[PDB]
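Heads up, the thing below is written out as structure tokens.
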Amino acid sequence: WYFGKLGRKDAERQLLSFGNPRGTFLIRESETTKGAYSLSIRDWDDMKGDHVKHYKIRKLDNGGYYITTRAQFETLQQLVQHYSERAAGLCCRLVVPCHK
């Protein structure tokens, strides 16, 4: 999936779009972090209802990508595959990718 390098505003307006069930995710390029990635997940809550949290995907200089220090992945494709099954410490698991 190549979403692109877009801002939180653009990621939010897209994720929170009707036609996507909660657990919508996209990975945009982080403009705040040095060419990194942001796993932008659309959560649902009753009080925090329909909000996006972006997990900052970090990169091992001598390795691959990791969202957390719990475990590092070979590639970004592995990172999402784990969260597609289970949240494993995230707020939500990955349900569906966002539509452009």
Output ³J(HN,Hα) for region 5-11: one whole-Hz value per residue in order, computed from phi by the Karplus curve 6.51 cos²θ - 1.76 cosθ + 1.60 with θ = phi - 60°, and x for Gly and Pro.
9, 10, x, 4, 4, 6, 5
Cα Rg over Rh - the chain, Kirkwood:
0.95
Of 71, 81, 30, whose Cα points farthest to the positive end of the dipole of the chain (charges on the beta-carbon: +1 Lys, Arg; -1 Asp, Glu; origin at the Cα centre)?
30
Suppose every K and R has +1 on its Cβ and every D and E has -1 on its Cβ; what is the size of the dipole of the chain about the Cα centre, in Debye to the nearest 20?
140
For the chain, what is the calculated [θ] at 222 nm in deg cm²/dmol (nearest 500), taking -39500 (n - 2.57) for each run of four or more DSSP H residues and dividing by its residue count?
-4500 deg cm²/dmol
Dipole moment magnitude, nearest 20 debye, region 15-72 about Cα centre, only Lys, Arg, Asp, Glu C-beta charged:
200
Fewest to most Cβ atoms within 10 Å: 94, 6 sort as 6, 94
Quick one: compute the contact order of region 1-59, relative version, from alpha carbon pairs under 8 angstrom and 6+ residues apart, as a percent.
30
Mark the label point 7 Å from the Cα of residue 66 along Cα→Cβ and return the residues of region 1-40 whose backbone N is within less than 16 Å of it.
37
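The numbers here are math on the coordinates, done by the rules we state, and not lab data. Virtual Cβ from ideal backbone geometry, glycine too; neighbours counted across all protein chains shown.
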